[PDB]
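1. Provide a 3D model corresponding to the input given below.
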Amino acid sequence: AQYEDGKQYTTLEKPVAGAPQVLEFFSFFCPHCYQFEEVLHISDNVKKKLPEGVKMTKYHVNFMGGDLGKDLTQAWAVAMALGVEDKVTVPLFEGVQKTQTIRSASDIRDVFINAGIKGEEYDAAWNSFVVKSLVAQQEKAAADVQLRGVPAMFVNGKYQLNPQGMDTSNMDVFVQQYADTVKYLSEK
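-> Residues are numbered from 1 along each chain as shown. Structure as follows:
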């Protein structure tokens with residue numbers, strides 16, 4: 001066929017019931033994730049091709065960056081609860097990987113403050129039980145697919161995107177191919 005298991009995607013021998021439709025994992029420590037966010041706009045280009053009624057979910061993971069990596073998962077939980085994913089994603093990627101000014105939870109907080117989230121609002125979010133369970137959903141979803149690498153994408157808890165099997169000579173082509181695959185898997 002044109003789309004084949006093991007080529008543009010793999011299938012989970014252990015499907016995950018009740019999974020979000022399009023589920024994406026990343027880490028602010030993850031160099032390809034940096035590329036996926038700032039250079040390729042993968043998440044974006046996927047959305048643009050997904051049908052209507054598809055909701056898109058993105059989660060952060062713990063297994064990179066040790067203590068900071070967990071802080072970041074909690075921080076991303078804050079961003080989700082406050083709905084400010086789009087104002088903190090870039091300064092977080094760049095603070096971790098570009099400028100290396102993020103070394104502690106406090107520096108993570110600074111990104112939020114600079115992006116205009118109130119201190120009061122951040123610290124209450126950070127410490128809230130709504131963020132604790134948001135943290136738990138993130139960890140659970142990663143756990144459910146035995147996630148050992150990022151970036152990672154899953155469609156309907158049964159398919160996992162396989163970017164290795166896509167041509168990378170042209171960035172725009174990689175992106176359209178990646179996205180089209182998601183759409184195919186979506187309709188499967």
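2. In contact with residue 12, which residues are there?
-> For residue 12, the contacting residues are 145, 154, 157-160, by CB atoms under 8 Å, 6 or more residues apart in numbering. Quick note: C-beta positions are derived from backbone N, CA and C, even for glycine.
3. Please repeat the previous calculation with a cut-off of 6 Å.
-> By CB atoms under 6 Å, 6 or more residues apart in numbering, residue 12 lies in contact with residue 158.
4. Quick check: phi and psi at it.
-> Torsion angles at residue 12 (phi, psi; degrees, to the nearest 10) stand at phi -80, psi 120.
5. and if you look at the one 4 residues further on?
-> Reported as degrees, to the nearest 10, the phi and psi values for residue 16 are phi -110, psi 110.
6. Residue 76 and residue 24, how far apart?
-> As for residue 76, its distance to residue 24 is 12 Å (criterion: CB to CB, to the nearest Å).
7. Same drill for the two, tell me which one is more crowded.
-> Applying other CB atoms under 10 Å to residue 76 and residue 24 shows that residue 76 carries more neighbours, namely 26 against 21.
8. what about that one, helix or strand, and which?
-> Under the criterion DSSP states H and E, the helix or strand holding residue 76 is helix 66-82.
9. Check which residues of that helix are buried.
-> By 16 or more other CB atoms under 10 Å, the buried positions in helix 66-82 come out as 68-80, 82.
10. Could you do stretch 39-48 as well?
-> Neighbour-count burial for stretch 39-48 flags 40, 42-43, 45-46 (criterion: 16+ other CB under 10 Å).
11. How about residues contacting that stretch?
-> If you take CB under 6 Å, 6+ apart as the criterion, stretch 39-48 is touched by 36, 56, 175, 179, 182.
12. Which residues does the one helix or strand residue 179 maps to contact?
-> Taking DSSP H and E as the criterion, the element that holds residue 179 is helix 171-187. Outside of helix 171-187, the residues that reach it under the criterion CB under 6 Å, 6+ apart are 3, 8, 40, 45-46, 49, 155, 159, 166, 168.
13. how does it look with 7 Å?
-> For helix 171-187, contacts defined as CB atoms under 7 Å, 6 or more residues apart in numbering pick out 3, 8-9, 22, 39-40, 42, 45-46, 49-51, 54, 153, 155, 159, 161, 163, 166-168.
14. Could you tell me which of those residues are located in strands?
-> For the contacts of helix 171-187, the ones inside strands are 9, 22, 153, 155, 159, 161, with DSSP state E as the criterion.
15. Would you format those as CSV with distance to residue 131 and neighbour count included?
-> As requested, the ones in strands among the contacts of helix 171-187 are arranged in CSV below (distance: CB to CB, whole Å; neighbours: other CB atoms under 10 Å):
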residue, distance to residue 131, neighbour count
9, 32, 23
22, 23, 23
153, 24, 25
155, 27, 24
159, 30, 22
161, 28, 24
